[PDB]
file start24.pdb (PDB, C-alpha atoms)
ATOM      1  CA  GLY X   1       0.000   0.000   0.000  1.00  0.00           C
ATOM      2  CA  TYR X   2       2.203   2.807  -1.295  1.00  0.00           C
ATOM      3  CA  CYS X   3       2.256   5.566  -3.912  1.00  0.00           C
ATOM      4  CA  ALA X   4       4.643   7.039  -6.481  1.00  0.00           C
ATOM      5  CA  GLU X   5       6.308  10.423  -5.993  1.00  0.00           C
ATOM      6  CA  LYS X   6       6.943  13.294  -8.407  1.00  0.00           C
ATOM      7  CA  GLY X   7       8.814  11.897 -11.395  1.00  0.00           C
ATOM      8  CA  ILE X   8       8.318   8.330 -10.197  1.00  0.00           C
ATOM      9  CA  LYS X   9       6.743   6.475 -13.119  1.00  0.00           C
ATOM     10  CA  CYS X  10       3.764   4.221 -12.395  1.00  0.00           C
ATOM     11  CA  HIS X  11       2.234   1.257 -14.225  1.00  0.00           C
ATOM     12  CA  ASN X  12      -0.865   0.541 -12.139  1.00  0.00           C
ATOM     13  CA  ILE X  13      -0.154   2.687  -9.081  1.00  0.00           C
ATOM     14  CA  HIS X  14      -1.220   6.273  -8.392  1.00  0.00           C
ATOM     15  CA  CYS X  15       0.962   9.189  -7.293  1.00  0.00           C
ATOM     16  CA  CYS X  16       0.862  10.331  -3.665  1.00  0.00           C
ATOM     17  CA  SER X  17      -1.125  13.378  -2.555  1.00  0.00           C
ATOM     18  CA  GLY X  18      -0.415  16.490  -4.603  1.00  0.00           C
ATOM     19  CA  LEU X  19       0.464  14.441  -7.676  1.00  0.00           C
ATOM     20  CA  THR X  20      -1.570  12.499 -10.237  1.00  0.00           C
ATOM     21  CA  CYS X  21      -0.688   9.517 -12.426  1.00  0.00           C
ATOM     22  CA  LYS X  22      -0.736  11.288 -15.793  1.00  0.00           C
ATOM     23  CA  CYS X  23       0.114   9.580 -19.085  1.00  0.00           C
ATOM     24  CA  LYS X  24       0.755  11.459 -22.330  1.00  0.00           C
ATOM     25  CA  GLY X  25       0.974   9.074 -25.272  1.00  0.00           C
ATOM     26  CA  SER X  26       3.392   6.248 -24.509  1.00  0.00           C
ATOM     27  CA  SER X  27       4.807   7.814 -21.344  1.00  0.00           C
ATOM     28  CA  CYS X  28       3.792   7.623 -17.684  1.00  0.00           C
ATOM     29  CA  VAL X  29       5.091  10.151 -15.155  1.00  0.00           C
ATOM     30  CA  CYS X  30       3.749  11.749 -11.976  1.00  0.00           C
ATOM     31  CA  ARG X  31       2.700  15.329 -12.713  1.00  0.00           C
ATOM     32  CA  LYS X  32       1.078  17.971 -10.506  1.00  0.00           C
TER      33      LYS X  32
END
call {"tool": "encode", "arguments": {"input": "start24.pdb", "output": "structure tokens"}}
result
Amino acid sequence: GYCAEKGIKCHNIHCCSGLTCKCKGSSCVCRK
């Protein structure tokens, strides 16, 4: 039960508070 931080890519996990698991095209990075 954890979350990814800013810049920490994620496959099926969501970014911690303040960040959101955004994916633009074929990339996946935690963006505000």
call {"tool": "resolve_selection", "arguments": {"input": "start24.pdb", "expression": "the PyMOL selection byres ((chain X and resi 10) around 8)", "output": "VMD selection string"}}
result
chain X and resid 4 8 to 9 11 to 15 21 28 to 30
call {"tool": "write_last_selection", "arguments": {"input": "start24.pdb", "atoms": "C-alpha atoms", "output": "compact mmCIF listing (two decimals), in the frame of the given file"}}
result
# COMPACT_ATOMS: atom_id res chain seq x y z
CA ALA X 4 4.64 7.04 -6.48
CA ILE X 8 8.32 8.33 -10.20
CA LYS X 9 6.74 6.48 -13.12
CA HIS X 11 2.23 1.26 -14.22
CA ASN X 12 -0.86 0.54 -12.14
CA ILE X 13 -0.15 2.69 -9.08
CA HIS X 14 -1.22 6.27 -8.39
CA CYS X 15 0.96 9.19 -7.29
CA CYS X 21 -0.69 9.52 -12.43
CA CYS X 28 3.79 7.62 -17.68
CA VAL X 29 5.09 10.15 -15.16
CA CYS X 30 3.75 11.75 -11.98
call {"tool": "resolve_selection", "arguments": {"input": "start24.pdb", "expression": "the PyMOL selection byres ((chain X and resi 32) around 9)", "output": "number ranges by chain"}}
result
X: 6, 18-22, 30-31
call {"tool": "axis_aligned_box", "arguments": {"input": "start24.pdb", "around": "range 5-13 of chain X", "padding_each_side": "3 Å", "output": "JSON"}}
result
{"center_x": 4.0, "center_y": 6.9, "center_z": -10.1, "size_x": 15.7, "size_y": 18.8, "size_z": 14.2}
call {"tool": "build_atoms", "arguments": {"input": "start24.pdb", "residues": "chain X", "atoms": "N, CA and C atoms", "output": "mmCIF file, keeping the file's coordinate frame"}}
result
data_model
loop_
_atom_site.group_PDB
_atom_site.id
_atom_site.type_symbol
_atom_site.label_atom_id
_atom_site.label_comp_id
_atom_site.auth_asym_id
_atom_site.auth_seq_id
_atom_site.Cartn_x
_atom_site.Cartn_y
_atom_site.Cartn_z
ATOM 1 N N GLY X 1 0.806 -1.206 0.000
ATOM 2 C CA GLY X 1 0.000 0.000 0.000
ATOM 3 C C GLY X 1 0.842 1.261 0.000
ATOM 4 N N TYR X 2 1.370 1.617 -1.165
ATOM 5 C CA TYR X 2 2.203 2.807 -1.295
ATOM 6 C C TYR X 2 1.793 3.628 -2.513
ATOM 7 N N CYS X 3 2.539 4.696 -2.777
ATOM 8 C CA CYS X 3 2.256 5.566 -3.912
ATOM 9 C C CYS X 3 3.547 6.108 -4.518
ATOM 10 N N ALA X 4 3.481 6.500 -5.786
ATOM 11 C CA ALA X 4 4.643 7.039 -6.481
ATOM 12 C C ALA X 4 4.791 8.534 -6.226
ATOM 13 N N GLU X 5 6.032 9.010 -6.226
ATOM 14 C CA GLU X 5 6.308 10.423 -5.993
ATOM 15 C C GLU X 5 6.512 11.162 -7.312
ATOM 16 N N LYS X 6 6.731 12.470 -7.222
ATOM 17 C CA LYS X 6 6.943 13.294 -8.407
ATOM 18 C C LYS X 6 8.091 12.749 -9.250
ATOM 19 N N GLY X 7 7.795 12.423 -10.505
ATOM 20 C CA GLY X 7 8.814 11.897 -11.395
ATOM 21 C C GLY X 7 8.869 10.382 -11.381
ATOM 22 N N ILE X 8 8.328 9.782 -10.327
ATOM 23 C CA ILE X 8 8.318 8.330 -10.197
ATOM 24 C C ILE X 8 7.243 7.705 -11.079
ATOM 25 N N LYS X 9 7.668 7.114 -12.190
ATOM 26 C CA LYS X 9 6.743 6.475 -13.119
ATOM 27 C C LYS X 9 5.859 5.464 -12.397
ATOM 28 N N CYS X 10 4.701 5.173 -12.981
ATOM 29 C CA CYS X 10 3.764 4.221 -12.395
ATOM 30 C C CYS X 10 3.041 3.431 -13.482
ATOM 31 N N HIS X 11 2.907 2.126 -13.265
ATOM 32 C CA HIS X 11 2.234 1.257 -14.225
ATOM 33 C C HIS X 11 0.761 1.087 -13.865
ATOM 34 N N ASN X 12 0.501 0.737 -12.610
ATOM 35 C CA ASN X 12 -0.865 0.541 -12.139
ATOM 36 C C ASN X 12 -1.085 1.240 -10.800
ATOM 37 N N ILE X 13 -0.071 1.968 -10.346
ATOM 38 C CA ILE X 13 -0.154 2.687 -9.081
ATOM 39 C C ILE X 13 -0.390 4.177 -9.309
ATOM 40 N N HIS X 14 -0.944 4.844 -8.302
ATOM 41 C CA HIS X 14 -1.220 6.273 -8.392
ATOM 42 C C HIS X 14 -0.208 7.074 -7.577
ATOM 43 N N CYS X 15 0.019 8.318 -7.983
ATOM 44 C CA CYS X 15 0.962 9.189 -7.293
ATOM 45 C C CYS X 15 0.393 9.658 -5.957
ATOM 46 N N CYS X 16 1.276 9.880 -4.990
ATOM 47 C CA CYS X 16 0.862 10.331 -3.665
ATOM 48 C C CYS X 16 0.091 11.644 -3.755
ATOM 49 N N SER X 17 -0.369 12.133 -2.607
ATOM 50 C CA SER X 17 -1.125 13.378 -2.555
ATOM 51 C C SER X 17 -0.345 14.515 -3.209
ATOM 52 N N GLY X 18 -1.055 15.372 -3.937
ATOM 53 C CA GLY X 18 -0.415 16.490 -4.603
ATOM 54 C C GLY X 18 -0.027 16.168 -6.032
ATOM 55 N N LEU X 19 0.095 14.881 -6.336
ATOM 56 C CA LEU X 19 0.464 14.441 -7.676
ATOM 57 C C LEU X 19 -0.581 13.486 -8.244
ATOM 58 N N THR X 20 -0.619 13.379 -9.569
ATOM 59 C CA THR X 20 -1.570 12.499 -10.237
ATOM 60 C C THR X 20 -0.890 11.681 -11.327
ATOM 61 N N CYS X 21 -1.262 10.408 -11.425
ATOM 62 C CA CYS X 21 -0.688 9.517 -12.426
ATOM 63 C C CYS X 21 -1.144 9.910 -13.828
ATOM 64 N N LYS X 22 -0.410 10.827 -14.448
ATOM 65 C CA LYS X 22 -0.736 11.288 -15.793
ATOM 66 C C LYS X 22 0.066 10.522 -16.841
ATOM 67 N N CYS X 23 -0.544 10.300 -17.999
ATOM 68 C CA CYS X 23 0.114 9.580 -19.085
ATOM 69 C C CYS X 23 -0.164 10.250 -20.427
ATOM 70 N N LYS X 24 0.883 10.790 -21.041
ATOM 71 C CA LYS X 24 0.755 11.459 -22.330
ATOM 72 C C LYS X 24 1.360 10.611 -23.445
ATOM 73 N N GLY X 25 0.504 9.912 -24.183
ATOM 74 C CA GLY X 25 0.974 9.074 -25.272
ATOM 75 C C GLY X 25 1.480 7.729 -24.789
ATOM 76 N N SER X 26 2.784 7.505 -24.929
ATOM 77 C CA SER X 26 3.392 6.248 -24.509
ATOM 78 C C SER X 26 4.304 6.461 -23.306
ATOM 79 N N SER X 27 4.012 7.497 -22.525
ATOM 80 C CA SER X 27 4.807 7.814 -21.344
ATOM 81 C C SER X 27 3.927 7.886 -20.101
ATOM 82 N N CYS X 28 4.519 7.593 -18.948
ATOM 83 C CA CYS X 28 3.792 7.623 -17.684
ATOM 84 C C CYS X 28 4.651 8.224 -16.576
ATOM 85 N N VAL X 29 4.348 9.463 -16.205
ATOM 86 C CA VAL X 29 5.091 10.151 -15.155
ATOM 87 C C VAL X 29 4.153 10.913 -14.226
ATOM 88 N N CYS X 30 4.553 11.042 -12.967
ATOM 89 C CA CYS X 30 3.749 11.749 -11.976
ATOM 90 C C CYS X 30 3.855 13.258 -12.166
ATOM 91 N N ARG X 31 2.733 13.887 -12.501
ATOM 92 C CA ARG X 31 2.700 15.329 -12.713
ATOM 93 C C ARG X 31 1.682 15.992 -11.789
ATOM 94 N N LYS X 32 1.968 17.226 -11.389
ATOM 95 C CA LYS X 32 1.078 17.971 -10.506
ATOM 96 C C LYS X 32 -0.288 18.174 -11.154
#
